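Printed here is structure.pdb (PDB, C-alpha atoms):
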ATOM      1  CA  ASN V  20      81.922 291.985  80.448
ATOM      2  CA  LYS V  21      81.714 295.148  78.347
ATOM      3  CA  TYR V  22      82.843 298.661  79.242
ATOM      4  CA  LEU V  23      80.098 301.128  78.496
ATOM      5  CA  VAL V  24      82.467 304.032  79.095
ATOM      6  CA  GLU V  25      86.072 304.712  80.043
ATOM      7  CA  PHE V  26      88.195 307.824  80.338
ATOM      8  CA  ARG V  27      91.135 309.166  82.327
ATOM      9  CA  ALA V  28      89.900 310.983  85.419
ATOM     10  CA  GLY V  29      91.086 311.529  88.966
ATOM     11  CA  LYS V  30      88.943 311.586  92.100
ATOM     12  CA  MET V  31      88.633 314.317  94.719
ATOM     13  CA  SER V  32      87.739 314.727  98.402
ATOM     14  CA  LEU V  33      85.020 317.097  99.546
ATOM     15  CA  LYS V  34      85.014 317.836 103.264
ATOM     16  CA  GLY V  35      82.661 320.348 104.881
ATOM     17  CA  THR V  36      82.644 322.906 102.073
ATOM     18  CA  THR V  37      86.064 322.470 100.463
ATOM     19  CA  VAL V  38      86.886 320.255  97.495
ATOM     20  CA  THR V  39      90.431 318.936  97.266
ATOM     21  CA  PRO V  40      91.510 316.910  94.159
ATOM     22  CA  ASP V  41      93.409 313.651  94.536
ATOM     23  CA  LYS V  42      96.735 313.377  92.738
ATOM     24  CA  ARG V  43      96.086 309.628  92.421
ATOM     25  CA  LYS V  44      94.852 310.032  88.860
ATOM     26  CA  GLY V  45      92.677 307.092  87.792
ATOM     27  CA  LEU V  46      90.215 306.021  85.141
ATOM     28  CA  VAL V  47      86.466 306.328  85.333
ATOM     29  CA  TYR V  48      84.886 303.508  83.405
ATOM     30  CA  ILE V  49      81.472 301.848  83.352
ATOM     31  CA  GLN V  50      80.833 298.137  82.837
ATOM     32  CA  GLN V  51      77.578 296.203  82.573
ATOM     33  CA  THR V  52      77.498 292.704  83.979
ATOM     34  CA  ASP V  53      75.472 289.759  82.771
ATOM     35  CA  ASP V  54      73.101 290.775  85.557
ATOM     36  CA  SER V  55      72.251 293.935  83.597
ATOM     37  CA  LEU V  56      73.666 295.913  86.494
ATOM     38  CA  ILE V  57      75.815 298.859  85.578
ATOM     39  CA  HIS V  58      79.080 298.918  87.470
ATOM     40  CA  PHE V  59      80.690 302.258  88.274
ATOM     41  CA  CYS V  60      84.371 301.673  88.892
ATOM     42  CA  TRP V  61      87.378 303.948  89.357
ATOM     43  CA  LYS V  62      90.795 302.462  88.725
ATOM     44  CA  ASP V  63      93.886 304.266  89.909
ATOM     45  CA  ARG V  64      96.448 304.843  87.168
ATOM     46  CA  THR V  65      99.200 304.584  89.747
ATOM     47  CA  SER V  66      98.846 300.811  89.999
ATOM     48  CA  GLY V  67      96.126 300.326  87.400
ATOM     49  CA  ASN V  68      94.006 298.525  89.995
ATOM     50  CA  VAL V  69      90.287 299.053  90.505
ATOM     51  CA  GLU V  70      90.051 300.999  93.757
ATOM     52  CA  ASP V  71      86.328 301.678  93.434
ATOM     53  CA  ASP V  72      83.489 299.378  92.367
ATOM     54  CA  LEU V  73      79.783 300.018  92.919
ATOM     55  CA  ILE V  74      76.685 299.219  90.918
ATOM     56  CA  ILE V  75      74.643 302.228  89.925
ATOM     57  CA  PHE V  76      70.903 301.792  89.505
ATOM     58  CA  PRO V  77      68.895 303.786  86.910
ATOM     59  CA  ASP V  78      68.555 307.428  87.930
ATOM     60  CA  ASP V  79      70.466 306.425  91.078
ATOM     61  CA  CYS V  80      72.929 309.224  90.491
ATOM     62  CA  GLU V  81      73.547 312.133  88.150
ATOM     63  CA  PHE V  82      76.799 312.993  86.402
ATOM     64  CA  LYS V  83      77.200 316.737  85.865
ATOM     65  CA  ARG V  84      79.849 319.443  85.614
ATOM     66  CA  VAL V  85      80.605 321.935  88.388
ATOM     67  CA  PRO V  86      81.444 325.338  86.810
ATOM     68  CA  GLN V  87      82.427 326.894  90.135
ATOM     69  CA  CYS V  88      86.200 326.555  90.167
ATOM     70  CA  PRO V  89      87.749 327.682  86.813
ATOM     71  CA  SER V  90      91.013 325.909  85.944
ATOM     72  CA  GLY V  91      90.095 322.581  84.356
ATOM     73  CA  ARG V  92      87.357 320.027  83.714
ATOM     74  CA  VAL V  93      85.619 319.160  86.985
ATOM     75  CA  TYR V  94      82.585 316.891  87.279
ATOM     76  CA  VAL V  95      80.503 315.764  90.248
ATOM     77  CA  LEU V  96      78.502 312.586  90.760
ATOM     78  CA  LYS V  97      75.392 313.052  92.892
ATOM     79  CA  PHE V  98      73.411 310.086  94.132
ATOM     80  CA  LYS V  99      69.743 310.907  93.747
ATOM     81  CA  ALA V 100      68.911 307.854  95.829
ATOM     82  CA  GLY V 101      70.980 309.308  98.675
ATOM     83  CA  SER V 102      72.664 312.543  99.731
ATOM     84  CA  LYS V 103      76.254 311.549  98.937
ATOM     85  CA  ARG V 104      78.195 313.053  96.053
ATOM     86  CA  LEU V 105      81.675 312.693  94.561
ATOM     87  CA  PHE V 106      83.954 314.967  92.553
ATOM     88  CA  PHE V 107      86.271 314.088  89.649
ATOM     89  CA  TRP V 108      88.569 315.853  87.228
ATOM     90  CA  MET V 109      89.330 314.867  83.645
ATOM     91  CA  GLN V 110      92.913 314.089  82.704
ATOM     92  CA  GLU V 111      92.274 314.190  78.970
ATOM     93  CA  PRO V 112      94.296 317.021  77.271
ATOM     94  CA  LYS V 113      91.302 317.806  75.065
ATOM     95  CA  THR V 114      87.662 318.050  76.094
ATOM     96  CA  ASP V 115      86.550 317.032  72.612
ATOM     97  CA  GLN V 116      85.929 313.630  74.178
ATOM     98  CA  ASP V 117      85.326 314.702  77.769
ATOM     99  CA  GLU V 118      81.885 315.988  76.855
ATOM    100  CA  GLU V 119      80.980 312.721  75.175
ATOM    101  CA  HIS V 120      82.281 310.720  78.112
ATOM    102  CA  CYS V 121      80.240 312.890  80.402
ATOM    103  CA  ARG V 122      77.132 312.253  78.330
ATOM    104  CA  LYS V 123      77.857 308.543  78.117
ATOM    105  CA  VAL V 124      78.249 308.339  81.874
ATOM    106  CA  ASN V 125      74.811 309.868  82.324
ATOM    107  CA  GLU V 126      73.498 307.536  79.678
ATOM    108  CA  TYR V 127      74.894 304.435  81.321
ATOM    109  CA  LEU V 128      73.848 305.497  84.790
ATOM    110  CA  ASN V 129      70.414 306.768  83.736
ATOM    111  CA  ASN V 130      69.864 304.831  80.535
ATOM    112  CA  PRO V 131      71.317 301.323  80.931
ATOM    113  CA  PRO V 132      71.095 298.770  78.050
TER     114      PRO V 132
ATOM    115  CA  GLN L 940     101.583 316.650  77.436
ATOM    116  CA  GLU L 941      98.940 315.590  79.941
ATOM    117  CA  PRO L 942      96.965 318.296  81.849
ATOM    118  CA  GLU L 943      97.930 319.166  85.416
ATOM    119  CA  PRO L 944      95.489 318.432  88.292
ATOM    120  CA  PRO L 945      93.157 321.190  89.645
ATOM    121  CA  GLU L 946      93.730 323.128  92.859
ATOM    122  CA  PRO L 947      91.563 323.004  96.049
ATOM    123  CA  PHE L 948      88.552 325.334  96.151
ATOM    124  CA  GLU L 949      85.416 326.078  98.172
ATOM    125  CA  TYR L 950      82.158 324.475  97.042
ATOM    126  CA  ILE L 951      78.795 325.758  98.144
ATOM    127  CA  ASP L 952      75.404 324.671  96.881
ATOM    128  CA  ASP L 953      74.349 328.084  95.599
TER     129      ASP L 953
END

Please, can you express the file's structure as structure tokens?
Amino acid sequence: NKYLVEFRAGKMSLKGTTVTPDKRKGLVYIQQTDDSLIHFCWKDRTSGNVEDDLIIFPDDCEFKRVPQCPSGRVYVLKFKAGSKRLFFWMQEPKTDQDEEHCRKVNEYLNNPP
Amino acid sequence: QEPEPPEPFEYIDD
């Protein structure tokens, strides 16, 4: 298996109309299986175990930034195939790589090998 | 060293 992308990022919880970040910082990485299916997984840094694992089909979801709450790097994953969306925050000190990771995520979820 | 986590905020599809 190969990891298309991987960067330190924590997940969040959006309920009703309020977004609350999770202190359980993890790692957002993408891996393509021999089935040519891109796997979107989120591993918690607390235990280093993969807490999330779901295959993302082409154009299934969109990875974008949410410039609504100024304070840090916040991104949101929206599933075009459905109406469910997730929120994440980068843990990288510098965004010099956050932007690339963001682009790569969209490339692996919208432009798989 | 590492950046601190963000604080809770309201999100509205404007």

Hey, list the chain L side of the contact with chain V: 6 Å cut-off, only C-alpha atoms, answer as a compact mmCIF listing (two decimals) with C-alpha atoms, in the coordinates of the input.
# COMPACT_ATOMS: atom_id res chain seq x y z
CA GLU L 941 98.94 315.59 79.94
CA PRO L 942 96.96 318.30 81.85
CA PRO L 947 91.56 323.00 96.05
CA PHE L 948 88.55 325.33 96.15
CA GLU L 949 85.42 326.08 98.17
CA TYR L 950 82.16 324.48 97.04

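Atom CA of residue L:943 is positioned 23.9 Å from atom CA of residue V:123.
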
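You will find atom CA of residue V:52 at 22.7 Å from atom CA of residue V:64.
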
Check your understanding: To one decimal place, how far is atom CA of residue V:82 from atom CA of residue V:98 in Å?
Key ->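 Computing it gives 8.9 Å between the two atoms.
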
Practice item. Run the PyMOL selection byres ((chain V and resi 48) around 7) on the file and write out the hits as a ChimeraX atom specification. Key: /V:22,24-26,46-47,49-50,59-61

Exercise for review: Go through V:125, V:20, V:51, V:130 one by one, measure the shortest atom-to-atom distance of each to residue V:84 using only C-alpha atoms, and give the residue with the smallest value.
Suggested key: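 Between V:125, V:20, V:51, V:130, the residue approaching residue V:84 most closely is V:125.
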